[PDB]
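Number of protein chains: 4
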Amino acid sequence: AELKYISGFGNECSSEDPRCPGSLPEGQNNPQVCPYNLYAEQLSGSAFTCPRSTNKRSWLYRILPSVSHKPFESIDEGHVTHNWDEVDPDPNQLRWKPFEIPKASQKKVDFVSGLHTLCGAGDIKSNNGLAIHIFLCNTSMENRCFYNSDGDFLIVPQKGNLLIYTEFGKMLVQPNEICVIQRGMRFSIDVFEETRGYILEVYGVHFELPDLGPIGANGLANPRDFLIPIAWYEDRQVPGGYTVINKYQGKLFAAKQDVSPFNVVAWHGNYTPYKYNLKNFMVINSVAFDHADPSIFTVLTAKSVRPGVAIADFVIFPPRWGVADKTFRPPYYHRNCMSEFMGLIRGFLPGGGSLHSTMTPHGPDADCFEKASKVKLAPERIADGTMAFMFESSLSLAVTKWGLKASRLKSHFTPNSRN
Amino acid sequence: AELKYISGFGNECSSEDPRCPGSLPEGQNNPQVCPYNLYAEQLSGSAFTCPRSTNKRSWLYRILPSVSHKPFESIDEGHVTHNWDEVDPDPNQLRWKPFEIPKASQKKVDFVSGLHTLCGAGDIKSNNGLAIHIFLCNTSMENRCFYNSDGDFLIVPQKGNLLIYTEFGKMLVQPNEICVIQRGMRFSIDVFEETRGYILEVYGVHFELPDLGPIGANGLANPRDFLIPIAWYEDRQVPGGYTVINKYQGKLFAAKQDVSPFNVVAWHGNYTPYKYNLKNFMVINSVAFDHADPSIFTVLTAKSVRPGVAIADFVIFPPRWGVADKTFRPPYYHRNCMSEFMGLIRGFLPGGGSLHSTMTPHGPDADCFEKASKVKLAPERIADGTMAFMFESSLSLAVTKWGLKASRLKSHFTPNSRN
Amino acid sequence: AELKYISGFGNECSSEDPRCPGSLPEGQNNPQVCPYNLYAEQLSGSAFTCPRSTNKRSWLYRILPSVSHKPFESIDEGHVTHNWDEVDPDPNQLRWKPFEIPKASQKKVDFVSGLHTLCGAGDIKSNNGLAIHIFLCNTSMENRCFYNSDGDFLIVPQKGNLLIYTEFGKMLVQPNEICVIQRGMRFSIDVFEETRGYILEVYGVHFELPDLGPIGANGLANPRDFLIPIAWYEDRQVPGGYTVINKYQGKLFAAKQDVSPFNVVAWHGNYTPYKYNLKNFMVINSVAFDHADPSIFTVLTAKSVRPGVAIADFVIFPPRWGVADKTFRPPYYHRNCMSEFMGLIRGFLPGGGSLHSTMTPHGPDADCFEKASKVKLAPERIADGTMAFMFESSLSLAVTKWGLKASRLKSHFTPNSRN
Amino acid sequence: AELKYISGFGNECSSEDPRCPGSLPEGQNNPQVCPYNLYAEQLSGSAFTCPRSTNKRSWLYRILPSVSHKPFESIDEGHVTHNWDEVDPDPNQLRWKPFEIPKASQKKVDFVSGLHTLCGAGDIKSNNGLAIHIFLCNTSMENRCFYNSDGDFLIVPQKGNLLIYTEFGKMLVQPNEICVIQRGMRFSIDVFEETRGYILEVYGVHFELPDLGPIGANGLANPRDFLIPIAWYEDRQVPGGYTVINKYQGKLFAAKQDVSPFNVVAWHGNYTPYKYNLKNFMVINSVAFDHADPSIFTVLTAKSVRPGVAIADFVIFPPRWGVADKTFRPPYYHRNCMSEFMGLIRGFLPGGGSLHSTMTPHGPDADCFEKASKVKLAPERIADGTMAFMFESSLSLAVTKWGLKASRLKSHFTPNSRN
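Chains as they are written, first to last, in PDB author numbering: chain A, 2 to 347, 356 to 417, 430 to 440; chain B, 2 to 347, 356 to 417, 430 to 440; chain C, 2 to 347, 356 to 417, 430 to 440; chain D, 2 to 347, 356 to 417, 430 to 440.
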């Protein structure tokens, strides 16, 4: 059965499992007894006193409240790490071949077990910074879920579909789609093959859409294209206990409870998981001359504690027309304030990546420069059949121990002749 | 001799007439005696206490200060008017054929004499609103200048070049170029033929560049393309008196002085006249699908007293590629908050225009809809050889008495077939 | 008996008449029965939902509430007017000799009867703009008070002391002092001789202190120097009725009540009348070279609906040292965005004034230029024995009918010689 | 030959080496082939999506792009350090005699080799904080340059001129002048003698001018006095390789390339190096009574991540008149939120300094108090022949290991007598 979705980034939504119509309380949040004898539970994603445009919360009407669980116990963190101080700084570009996925025949690995932190920056203990992770797995999560007490996850499938269970409902997320699971939300992932993808985590902040500026009221990632799960529950007791895994200050902990956490019959609010299909990105760019800054391809952004400065942006390079005349069309030679992780959904193959450091020069290789300097220019299709992306940060992304171990022009100047 | 210019919108500039090197005071603004025995005079374009990014002023080092003039006397306002309450509201679209230019053989008319207010809105007496004027002239201004005590002028030549004298230097402004003369600045215009063009006046505010949003750090009207006159003076006594014409609260006044006002030998500051060639506009638009909002073509904007809302924007429709696939390419059917004056530099011919009122429906005619709905889409050149523009306002532009006197689809729905 | 005062601009104050200690309710504003069987009455000077730094209100604990009065009746407006459209615009400077004060022997005139509006701008009916008034009186107000429903009054005595009764207590305001009475506050004034002074009224807004910028945390008008009346009441029945005069939309109305309105035994809050002695102004200016902008002498300012732009500022020119070396010390030649009323507490004599219009040139006369260009510069005392001031506006101040009726350099350039 | 400069802090500049007129592309940034067959390279100094007033970038038209270099290698960091946690906190004032400069006869030391970090605060790995360095050198940099990937440098020469090569052109910076080199910009310094000076580094932020507040539109450091290098190139191959030194996360790295990096023939933008002569500071202070806060001498400031709070300010104490009457003229007794490094360009001699810690009391010694309490006050010259300065921070500056090793009133109360 193909899943159904609600749409509208940032919306105040209302959703009831179709088996229990009117499971939302009418005209209030906190009835003495909820419809169907459910429990009301608020999940807050912002301080209580945020202005309305940034105040985030959802109410869940659930069979048992989340408090019904045993005490947390420390579990091994595997390759989830935030110690950016383990490894010495190095400004040289790093490159990765497509990360190796464990074979089910050798070792069964679910999404949580196959999480590997590649790089990051900032102090997680001060709720400030970001991390990039790679997931490498081959088996569905069984009777266990995950939630992040530290921040939000932007998940980017590369190889293999993800069937994601959340308290708000299910999402199927395919390569070329992305999804966001926000702080505190429990989720579990089914997979269907040897699975690989990328994750951008931001601490203490949520993703937003960029203001459009002169682009105006429509374009880039249209709000209607963001899809939110519809309410779905299971009332399922779990012999031996269901395990809730919690990432808290970068460490992992496990608590057992009697039932699946996905027992929310109805929910309302504006704090939810969501997904987005990158094919819907309404690409804006130059249509006369010159080369537009790659910020013009921004899909989502997350604020830093410095005003106007993002801690991270998610930028794509989508199939489009290229038409600039009298113009060097490839990316210009460049030195910038950001550090940049490049990935490829579909210098590296899909599933690998590269990391470029703050203020290190980059630009086209000699062959690219050559061709683009001499070609007869005409409208052309660019990037059909591909989807590269970048996670860029105002901090200096530093590789982890695991990331390091996994890693791999002439003068034409004619001083006497202007033209 | 072709004029030289300084460049950089908003710059703190420094300019000396090349005949008098070092006419700017070194390291100060207010010497006891200025270099060359000039007088220092500050022209403020903002309150003294504005934040730096919006604090506007220039210092002029001049042969005689501006105070040296006789008392103002009232002169006839001709067709300059601000009484928007003279004429009854009417939401119907208005159209104008190319405004008639007086023949020199019939009547000599200079730029000030040929100023005709077409429409406007707001209370000039509260420094709030805008007006659109048409200039229709055939003779250079002789021993007289103009300045506006009420606001700023964006001048758009249509037929004929303008040679503009300002206190800061000269500008030659051709059709396809625009210039801005800001509040209080004296100017005089030479013409070379029967001359016609458009003017957008905004009261109590200056034009700015739009923030670029995701477009980033380059694109649309690049700051380097805004050109500012270099210092130029004449020390010229005028038998019988030079006449300074002042528009003050919408009324015209004349004062005589002994010398030309263009006696500034050197100047510095960030409050100046400027010009811009529309051919340099770096056009941003859709390169995959859909139709971008026309705000994406904004050249200059002026703020209203309501936050985020412009009192006026200057928008162009420049030569470009059109490439959106699976898309209705022409302007979409539309109802909006703005009122819109359309002009054409090069439904009306160049030199005419149209006025569309707030929230009145508009969109393509039946023939346009037809062609664009059925065409096989491919990359095409749009608007080559043309330059239409719009002055759009958050207020409801109302025609003047003069403007009024000068003025002149089927259902395809198949309910049973989605595709 | 010399009056006592509380101090601290913007303070949340608490004041009880010393005859009735503990007349403020303890720990609340709205007791079922107030101490001493008083009534609680809130006077709000801002919308309820303003941020705390701008939320203004006071609670009054009074013998009878203000509602206890008969219906308002229209009375003649004398020379209080707001019709700026009565008189044609004129950019020429206006000057006034010291306004004539009526002799008591000819006609008894109290402060309200002797109010004459000189000039103003903006639409009072939209709560937007300002007016400048002159008061010319010779007798104390007897059994009547005044309050302004439209805005705030900054009162500047020139000749004669004012003994001002307010609901919050008494103030004695002498020439060289100023006071503010804010919207809605009832007041009555005693005088002691033929009395003259100036008033700046601002509609729909309050005065504030300017941010100090680099001047930092102390200087200009120190907050401690603003003095607020201490609570004082009279419980006084008035045979024949006490008259309350109300300026409402620029018109005057009169209502009778049984008792004096000054029956507030105790009060608390941050919305009060206040006074300030100009001798305490901590003057900031240049101490090396150049001539500082006269904004540096700002005492109070009131915001316009355009951000960063004041509707009015109150600026003084106080006794100080002048020490700039290699500098033209007098005011520089100048054209600016403001319109400017000049007054003199102690081109016109004390009690007269001048009005300079937007963007009209001004600057030193030939004699002043001469002396200041050639003098040997050394530290000197400036303005001892004097106190000129200015009310400056971002709108174009227009004279009233009454104001109109009351109203009255060479080239040195050496092109071949820089030095 | 004396160097020429462009002027205007924050300007959008355009500069071409005079040997190659028209080396800037006309009307665009990204031609297919640049004039003179140069390469276009953008240096971004801000995120792409900053508002215009803070969006910083420059385009460089250069013989070879910056990417043309070999891989970075780690080099020894000498006395450049950011480990503020090496040394235990200590609130006591520290003082330094003029730092010892190495003799050329003993050891040749260029500017990079002679960099010694004195103190600092914040986490460089989170792009947050500041450091103060002392440079002690005696030989010009030969075939090597430096750039900072972490932040901006404010350089303050004390002994010896600096001839600074940047990609944007040359600057000669003398004692009593300062210069700024911003993040990512490569530079090399020639010296002429045993050289010593101070450096303020701020991480992740740029310097700005302070808003002037009531001082208005002119005064303190006037924008026209900030001087920017004019374009200058060398096309110079370097046998054995030119070395580029990179400070990246506080560590030093070296990469070799074939040519000098100073091969930019033309450039435009608003992100540049600049210099300023402190003699031009237009000093503002008290001219009647009282002692102004030393913020009034602020030359440049850099924002912290807390609003309104600077991470650092650069404050000077320039030659001026002192004239306050009835006033204690010396600095007042004081405890404040800041930590303060004092230096002296021309308790310590020129070239030494002191560090005062957060909230530790300071104020005049007994002798100073005595003299200033009893003197007959009259206008006096202050600080002629001297230029002390301060780098003050909202963080608590902590000394380094090197800095530590280099380091060295009565009651008058008369209770019974007010006057």
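Where a beta carbon is used, it is the ideal one built from N, C-alpha and C, also for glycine.
| Interface residues of chain A facing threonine 299 (chain B) [CB-CB closer than 7 Å] | The answer, in chain order, is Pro215.
| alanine 289 (chain B) CB to nearest chain C CB: under 7 Å? | No, its Cβ sits nowhere closer than 7 Å to a Cβ of chain C.
| request: Identify whether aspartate 191 (chain D) lies in helix, strand or coil by the three-state DSSP scheme. | output: Strand at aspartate 191 (chain D).
| query | Just reading off the alpha helix (DSSP H) that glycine 412 (chain C) is part of, what are its end residues? | reply | Element bounds for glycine 412 (chain C): 410-415.
| field | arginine 197 (chain D) - DSSP class collapsed to helix/strand/coil | value | If DSSP states are grouped into helix, strand and coil, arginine 197 (chain D) belongs with the strands.
| request: Please state if the CB of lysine 276 (chain C) and the CB of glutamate 209 (chain C) are separated by a distance shorter than 7 Å. | output: No, these two residues do not count as a Cβ contact at 7 Å.
| query | Since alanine 267 (chain A) is in the beta strand (DSSP E), which residue starts that stretch and which ends it? | reply | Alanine 267 (chain A) -> beta strand (DSSP E) spans 265-270.
| On the three-state DSSP scale, how would you describe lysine 109 (chain C)? | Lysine 109 (chain C) falls in the coil class under three-state DSSP.
| request: Could you list which residues in chain B have their beta carbon closer than 8 Å to that of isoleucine 285 (chain A), in chain order? | output: In chain order: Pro215, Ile216, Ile285, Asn286, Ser287, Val288, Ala293 and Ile297.
| Residue range of the alpha helix (DSSP H) that includes residue 350 (chain B) | Residue numbering in chain B jumps from 347 to 356; residue 350 (chain B), which lies between, is not modelled.
| Of all the CB atoms in chain D, is at least one closer than 7 Å to the CB of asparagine 129 (chain C)? | It does not: the Cβ of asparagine 129 (chain C) has no partner Cβ on chain D nearer than 7 Å.
| query | Counting only beta-carbon atoms, is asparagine 177 (chain D) nearer than 7 Å to chain C? | reply | Contacts with chain C at 7 Å (Cβ-Cβ) do not include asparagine 177 (chain D).
| Test: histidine 269 (chain B) CB closer than 7 Å to a CB of chain D | Yes, contact with chain D.
| said: I want to know whether the region 119-137 of chain C touches the region 228-235 of chain C - three or more CB-CB distances under 8 Å. | reply: Because the criterion of three Cβ pairs below 8 Å is not met, the region 119-137 of chain C and the region 228-235 of chain C do not touch.
| message | Below 8 Å, how does it come out for the region 274-291 of chain B and the region 273-289 of chain A: are there three or more Cβ pairs, yes or no? | response | Contact holds: three or more Cβ-Cβ distances are below 8 Å.
| query | When DSSP labels each residue in this structure, what does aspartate 226 (chain D) get in the three-state scheme? | reply | Three-state result, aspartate 226 (chain D): helix.
| Beta carbon proximity, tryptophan 322 (chain B) to chain A, threshold 7 Å | With 7 Å as the cut-off, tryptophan 322 (chain B) counts as an interface residue toward chain A.
| Would DSSP call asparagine 38 (chain D) helix, strand or coil? | Helix at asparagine 38 (chain D).
| So what does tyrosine 275 (chain C) bridge to, in DSSP terms? | DSSP lists C:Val181 as the bridge partner or partners of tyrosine 275 (chain C).
| request: Rounded to whole angstroms, what's the CA-CA distance from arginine 336 (chain A) to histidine 292 (chain B)? Just pull it up for me. | output: The straight-line gap from Cα to Cα measures roughly 33 Å.
| message | Suppose contacts are defined by Cβ-Cβ distances below 7 Å. Is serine 67 (chain B) in contact with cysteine 338 (chain C) by that definition? | response | Against a cut-off of 7 Å, the Cβ pair of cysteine 338 (chain C) and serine 67 (chain B) comes out as no contact.
| CA nearest to the CA of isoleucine 190 (chain D), picked from D:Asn264, D:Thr140 and D:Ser403 | For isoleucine 190 (chain D), the nearest C-alpha among the options comes from D:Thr140.
| query | What in chain D is Cβ-close to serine 45 (chain B), meaning under 7 Å? | reply | Within 7 Å Cβ-Cβ: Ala218.
| Within the 7 Å Cβ cut-off, does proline 211 (chain B) reach chain A? | Interface criterion met: the Cβ of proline 211 (chain B) is under 7 Å from a Cβ in chain A.
| task | Compute the beta-carbon to beta-carbon distance between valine 203 (chain A) and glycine 152 (chain A), rounded to the nearest angstrom, for a pair I have assumed lies under 8 Å. | result | Approximately 5 Å separates the beta-carbon atoms of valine 203 (chain A) and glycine 152 (chain A); this is inside 8 Å, confirming the contact.
| field | Where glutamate 42 (chain D) meets chain B, residues with beta-carbon distance less than 8 Å | value | By Cβ distance, chain B contributes nothing, its closest Cβ being about 13 Å from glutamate 42 (chain D), past 8 Å.
| request: Please report the Cβ distance between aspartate 326 (chain D) and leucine 404 (chain D), rounded to the nearest whole angstrom; I am assuming they are in contact, meaning their Cβ atoms lie under 8 Å. | output: 38 Å between Cβ atoms; not a contact.
| Hey, does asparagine 247 (chain D) have any beta-carbon neighbour from chain A nearer than 7 Å? | Closer than 7 Å: yes.
| Where do the N-terminal and C-terminal ends of the beta strand (DSSP E) with residue 441 (chain C) fall, by residue? | There is no way to answer for residue 441 (chain C), as the model of chain C reaches only from 2 to 440.
| 7 Å Cβ cutoff, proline 388 (chain D) in contact with chain C | Taking Cβ atoms only, chain C reaches closer than 7 Å to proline 388 (chain D), which makes this a yes.
| request: Have a look at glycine 361 (chain B) and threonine 196 (chain B) and give me their C-alpha separation to the nearest angstrom. | output: Cα-Cα distance, rounded: 13 Å.
| Can you find a CB in chain B that lies within less than 7 Å of the CB of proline 319 (chain D)? | No, because no Cβ of chain B sits closer than 7 Å to the Cβ of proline 319 (chain D).
| Which chain D residues are close to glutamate 13 (chain B), counting only those with a beta carbon under 8 Å from its beta carbon? | Result: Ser8, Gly9, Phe10, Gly11, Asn12, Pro224 and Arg225.
| message | Which residues in chain B have a C-beta closer than 9 Å to the C-beta of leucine 163 (chain A)? List them in chain order. | response | Those do not exist, as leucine 163 (chain A) stays about 26 Å from chain B at its closest Cβ, beyond 9 Å.
| query | Helix, strand or coil for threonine 55 (chain D) per DSSP? | reply | In the three-state reduction of the DSSP assignment, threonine 55 (chain D) falls in the helix class, which pools H, G and I.
| query | Should the region 95-110 of chain D be regarded as contacting the region 162-169 of chain D, the criterion being three or more beta carbon pairs within less than 8 Å? | reply | Not touching, per the Cβ criterion.
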